[PDB]
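For neighbour counting, all protein chains shown are included, and Cβ atoms are generated from backbone atoms with ideal geometry for every residue, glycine included. Where a number appears in this text, it was derived from the coordinates with a stated rule and is not lab data.
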Amino acid sequence: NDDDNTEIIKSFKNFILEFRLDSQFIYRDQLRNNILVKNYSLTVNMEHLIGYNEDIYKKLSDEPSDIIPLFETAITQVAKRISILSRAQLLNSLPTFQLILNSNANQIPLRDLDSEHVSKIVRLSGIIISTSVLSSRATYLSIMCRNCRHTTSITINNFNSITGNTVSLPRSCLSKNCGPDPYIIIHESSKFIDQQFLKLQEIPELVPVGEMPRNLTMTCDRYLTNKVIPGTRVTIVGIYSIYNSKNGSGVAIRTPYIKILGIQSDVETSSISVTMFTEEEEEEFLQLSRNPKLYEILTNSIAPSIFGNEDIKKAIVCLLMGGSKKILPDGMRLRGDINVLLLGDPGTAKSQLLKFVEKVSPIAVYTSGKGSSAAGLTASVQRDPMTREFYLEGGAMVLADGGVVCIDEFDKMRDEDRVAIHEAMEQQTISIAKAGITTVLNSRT
Amino acid sequence: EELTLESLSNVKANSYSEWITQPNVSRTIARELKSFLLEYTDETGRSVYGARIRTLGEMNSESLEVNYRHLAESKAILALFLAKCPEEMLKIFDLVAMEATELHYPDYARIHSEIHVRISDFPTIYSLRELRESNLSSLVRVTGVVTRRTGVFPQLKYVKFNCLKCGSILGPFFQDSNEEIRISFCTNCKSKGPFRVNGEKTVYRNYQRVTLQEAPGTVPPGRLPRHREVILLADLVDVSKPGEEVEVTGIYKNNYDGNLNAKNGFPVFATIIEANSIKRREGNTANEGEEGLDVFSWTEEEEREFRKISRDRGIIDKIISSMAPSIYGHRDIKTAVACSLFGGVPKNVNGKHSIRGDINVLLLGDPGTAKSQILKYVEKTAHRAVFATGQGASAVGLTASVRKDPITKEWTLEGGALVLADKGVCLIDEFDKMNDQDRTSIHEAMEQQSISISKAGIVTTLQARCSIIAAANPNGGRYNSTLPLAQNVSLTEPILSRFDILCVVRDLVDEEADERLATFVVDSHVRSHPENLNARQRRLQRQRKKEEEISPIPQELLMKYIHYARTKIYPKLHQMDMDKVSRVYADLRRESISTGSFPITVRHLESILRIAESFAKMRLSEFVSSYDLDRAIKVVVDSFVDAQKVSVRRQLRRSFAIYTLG
Amino acid sequence: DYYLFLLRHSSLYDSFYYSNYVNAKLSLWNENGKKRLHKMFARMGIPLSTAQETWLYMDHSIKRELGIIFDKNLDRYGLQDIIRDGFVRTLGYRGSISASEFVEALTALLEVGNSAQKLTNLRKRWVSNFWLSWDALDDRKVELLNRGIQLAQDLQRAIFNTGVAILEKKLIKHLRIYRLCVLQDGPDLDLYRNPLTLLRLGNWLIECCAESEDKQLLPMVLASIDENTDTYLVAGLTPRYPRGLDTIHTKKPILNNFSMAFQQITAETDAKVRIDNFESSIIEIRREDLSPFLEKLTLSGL
DNA sequence: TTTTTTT
DNA sequence: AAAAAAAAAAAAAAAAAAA
Ligand SMILES: Nc1ncnc2c1ncn2[C@@H]1O[C@H](COP(=O)(O)OP(=O)(O)OP(=O)(O)O)[C@@H](O)[C@H]1O
Ligand SMILES: Nc1ncnc2c1ncn2[C@@H]1O[C@H](COP(=O)(O)OP(=O)(O)OP(=O)(O)O)[C@@H](O)[C@H]1O
Ligand SMILES: [Mg+2]
Ligand SMILES: [Zn+2]
Ligand SMILES: [Zn+2]
């Protein structure tokens, strides 16, 4: 039983230490640079894995949850080997390294997932709608008994094959005549990692005929957390597995979920408040900015299929760039955005510009003035189904803070709904006083 | 072993269920079923099931459909056995179905190991009120309305256990989808103890359970509906949608419950319906044209005949003359309706420009012009039809609405009327009297083809591909010819401009026209009088003789033709006259509001293109020809011409005679 | 190896769909071809979802068994002439490539990359593309080969899209001696200013024409248009025997007399042509001058 | 008669 | 073994009212 694990770990270490292109050992250099900047992670491209050897890829394809921990501990073994001196025999604050995969397989839409994909590696894409708060998970537990009063350590891996997967407490004591499970958890001297939950909704243009979009649940942990924000198109690579529902209806039900292994995003979290572009891209941006007539290049590039309109396109570009935010010693704020209203005759293609503007801006939402309400835009007050406690959930205008909002049919909206936006656009801060909740919430758009 | 069919007539055991499972009986049943479906000859002299197997292999789907009356007409004793004991029959029939399928496609097992046979239409029909004790463990046929759909979850199909007190591995076990496998003595050791599921070696199914009410048109007035629960096994998942009327063939089964016995004080039992076949029955209530689960599906020979009859000269004439063969006159409407229910081709330019590919139609005129009959025929015709009327529809009803789930206790979206109309038609009657707040909400649905909701913390955008056909009445109940269209209706430019083909029908006094119309109507009434081999086929040929005297082609063939044309053929537009269409549009931009009242915008040019594409679709051609462009331009210019005052009608008619020269 | 368009870089379904030989054998430009293709796939037993995956990730067991699957299935449809023996080059852990794929990538890279003045600009960008293809040869560059492969995919798709339209519209006119077809109007005409692209299109067309019940081997004449110059680019194509034919009826390859006919007509009449291609069977002609010229070619001895 | 607002 | 529910917030349809 151990021999297979040793062979697999040895094979993965050999792959890590032996793979080279031209005159570079790519993964070893990656490990060195990662350790230098305290990013204990490694990224494996699946094509290299297949090309090096196919049997290891087959084993990773068959049983992902059983195999991945062996690789993610071989990585930390190699890191300890090539970063710390043995000094003929300390801190050793190196946890188990996180493994992140990337691949280029055929995408599978959400609705095509069925029973035949259980415990398999799949690739899919969707839209992010809701994010849970962070939570803690134990990996190294100090366990103490009461009667015999001895100490023990339990090592926890975060991968689940069966629904239980957990050794709660060993039966009986270790050697007199103790109880069934006389063990307690020593909270001090333990190691904890971070975990987060996400929700995915189907992409709008792949919804089948006459349907409603379907939701799915994902779990991310360690560095993958706090990487995305709701409303951003993403591509996820992970494992499609199930977990039992004792607290829940039907017979032998098992709700499915997704374990995130790799995330690719279109915005690369860049705006989410510093610049991190490489020198090549920054140089290219400077080179384009040095062009003497880039204004016309951008003006032409705004909705190329729309003909004739010029001042509107110039205004749209000016709005996209935005103004300059200001502050003063006495606290007075000054707005840093521009708001454009199109009030025209029918057939002039007003909304055809709205959806394209929604497409261009990094943070944009498109909604109809008829299908909207004052409470459904700024802030909505819910109450939990279980604990009943009231909490504040944001609507649309706050969901597109730091971007732009696309409203069409501005007249059709009710008069009561058209007065809540006054302060929201004149001072960029919305105030809520409901059920004893007083909160000054900001919205810059 | 006397493997004779006649020997099945007399039972030897006490009941059917214990006699079917007899080893002598089962193999004879299997071989007789095989000889049935390998040799059953239809009226054309060819085994229809062979074509069914070929089509299933092409589509590699998971359902083979067997007509019930086919099984009844030959080997009826097996039909009785299936009608009384479904569980013991369907397994043997699935086995023989696998054998027959791999007779054609060897090594097909790598695609799928099993099949789920479906029965087309049982003879007897029950409603939810007429359910008794006798009709248990046998097939039932129930009509209803879907209220609440649960979702999709995996199941366990072959359950195995590991008994650790003895280290015994239990053999694979089944499951009945409403029970739990309970093992008492734990195999040969005959000892009770703990065991684990060790589900590393297991195979999964998936099911979905749903609530089925009574059809509101079926319940007696002023009464309350009866709910039932329907469980959908593999390959039937998500076939049913909320809010639709459906008919399900299934098995009636009973099970024990605790709280049910608690709240009543009597040994009461719960009952669920295991679905076996589902047929949609929304809108299209005409359920006598043909049998089968799907009447909009075609066989291969039907496709061959589509191709054969799609090429003759004047096919468009026959098609337009073959719509509503019981309404006299109104050729322009009979053309506009066809062009509306074929539709165009949606256009996506580089993924950053979107062009709608469906045509709206508006009717208008005096009462007594049979608009409602045309709307009813349209509803009967299209694959997806939604009917509304006057004040009977609200703005939030047509569009999706926000609802709080009474069980899960939060907000959720409820499908509007237009969502059901996606890939279909939405028909509105009495368009003018509908309140404007109930009317302004469908602008995006007409034009952008998108529905957006930002309500109660939910910000989502739906998808809707719908073609709106509307009818109304002008001011005062009659159309005054000597006034422009602006003073005849209360609608404005934004709503009027979205309509491609706008037809105005006038009621006028005439002598010979009235005589001809009266003759046609009287002959129609005398035609439809209820009082004028197998009896059913003689009835069918009588119906065919009755129908052929006014419609050039049979209607079921027309419906399947509509479906085929909407699905496969996509016309392409290369060799069209640039200057002709450009000059025509410039001419229509001239005059129009600059001299009259009717508004014309760029959307009418796209309407001309879409009408041309539809006319190309009519012939099952991939490329638009010049004749279709001529027909489209003729239709559009005529529709614009006949909506003007009588003072300038003749002048405009002689002015526009050069583009539609023909 | 098999007569398949980029087998080791595209899905097997797209490979069969775009392969010219299978196209010619089974008429995939209409619906019955696709139906027969789906029947073939089902009888092989590969799922339609499986066969639409990249060759790298597609299942290992059926990758191994592909040879036996083809051997046992292709006989019914008669496509057994698709199997041949070729060369494969492997460089360490980089991957695998074959001669057919590499030459198709090179050809596509030559096709696409990056009055008198415009003609000179075209003739200079041709040389620039040639030098780019030359630089692509060395083993130190592979980003100039992945681009070539994807461009080959795109070009084959465009050629198929235009050929289906041609065969649908039935523009192929059957004269007494030689077939003729002219691309007066359509999509993506700007691509066909390249003689090699035009030859690729003509090769597919002549394969399709040969793979029919017609028993006449006639030369084919194909023409295009570039509105910027208002000239027709005309190339003459010889007939080809079916690939699965014995060598006894291969005493002499079919010759090409189009160069001689063109030079004779240009010598005897003052047409506004420009015969400067190293391939003497390709000439440029004027729009107003085409039709009488064609008449002359009809009336001249071939 | 129509749109608005309240239940 | 069981905390389970009164108090709020938000979304409609019907009716009646005012212009
Ligand atoms: N300048 C233009 N160039 C090209 N197409 C145009 C132009 N103006 C309008 N169109 C066409 O108008 C059609 C419909 O436009 P659209 O409905 O978006 O206009 P709108 O002004 O937003 O209308 P509404 O005021 O009714 O919401 C599109 O298909 C588009 O091609
Ligand atoms: N050729 C015909 N033209 C008009 N009506 C016809 C014709 N043939 C039969 N009819 C009958 O005339 C009647 C017209 O329909 P109906 O009275 O229901 O209203 P409508 O004209 O559709 O519209 P509205 O409800 O607006 O008055 C139907 O009963 C139909 O059977
Ligand atoms: Mg609009
Ligand atoms: Zn102890
Ligand atoms: Zn035992």
- Query: In straight Cα distance, which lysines are under 23 Å from B:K433, not counting same-chain residues fewer than 8 positions off?
  - Reply: A:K370, A:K412, B:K371, B:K376
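Kindly put C:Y241, A:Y240 in sequence by how many other C-beta atoms sit within 10 Å of each C-beta, fewest to most.
Arranged by neighbour count, lowest to highest, C:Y241, A:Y240 become C:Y241, A:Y240.
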- Item | Percent of beta bridges antiparallel (DSSP, chain B, rounded to nearest 5) | 65 percent
- For the cross-link pairs C:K272/C:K296; A:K355/B:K347; A:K58/C:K72, which exceed 20 Å when the distance is taken from alpha carbon to alpha carbon? A:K58/C:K72
- Query: Amide H to amide H under 5 Å from B:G365: which residues, 5+ apart in sequence or cross-chain, H placed 1.01 Å off N in plane?
  - Reply: B:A472, B:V505
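What's the exposure ranking of B:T28, A:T429, A:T378, going from fewest to most Cβ atoms within 10 Å?
Going from sparsest to densest Cβ surroundings: A:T429, B:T28, A:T378.
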- In this model, which of A:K314/B:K572; B:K241/B:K455; B:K380/B:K455; B:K617/C:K215 are farther than 32 Å apart at the alpha-carbon? A:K314/B:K572; B:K380/B:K455; B:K617/C:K215
- Item | Computed helical MRE - 222 nm, chain C, DSSP H runs ≥ 4 contributing -39500 (n - 2.57), nearest 500 | -15500 deg cm²/dmol
- Task: Tabulate in residue order the Karplus-calculated ³J(HN,Hα) for the stretch A:105-115, using 6.51 cos²θ - 1.76 cosθ + 1.60 with θ = phi - 60°, rounded to whole Hz; enter x for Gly and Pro.
- Result: 7, 6, 5, 10, x, 4, 6, 8, 6, 9, 5
- Item | Farthest toward positive dipole pole in the stretch A:299-445 [+1 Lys/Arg, -1 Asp/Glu at C-beta], among A:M321, A:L354, A:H422 | A:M321
- Per-residue Cβ neighbour rank within 10 angstrom, fewest leading, C:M40, B:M89, B:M59: B:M59, C:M40, B:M89
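What share of the DSSP beta bridges in the protein assembly as shown is antiparallel, in percent to the nearest 5? Intermediate values should be presented prior to the final figure.
Values: 122 of 162 bridges.
For the protein assembly as shown, the DSSP antiparallel bridge percentage is about 75.
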- Once phi is turned into θ = phi - 60°, what whole-Hz ³J(HN,Hα) does the Karplus curve with 6.51, -1.76 and 1.60 give for every residue of the stretch A:122-139, x standing for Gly and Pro? 9, 10, 7, 9, x, 10, 8, 10, 9, 10, 8, 6, 5, 8, 9, 9, 8, 10
- Note on the structure: Rounded to the nearest Å, the spacing of the alpha-carbon centers of the stretch B:50-99 and the stretch B:279-353 is 31 Å
- Query: Other chains' Cβ within 10 Å of C:39-50 residues: what's the mean?
  - Reply: 4
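Do you know the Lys pair count in the stretch B:157-203 for C-alpha distances under 17 Å, with sequence separation 8 or more or different chains?
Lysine pair count for the stretch B:157-203: 5.
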- Message: Please list, in order along the stretch B:130-136, the HN-Hα scalar couplings obtained from phi with the Karplus expression 6.51 cos²θ - 1.76 cosθ + 1.60 (θ = phi - 60°), rounded to whole Hz, x for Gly and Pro.
- Response: 8, 10, 10, 7, 5, 7, 10
- Net charge of neighbours whose Cβ lies under 9 Å from the Cβ of B:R281, counting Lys and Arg as +1 and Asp and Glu as -1: -2
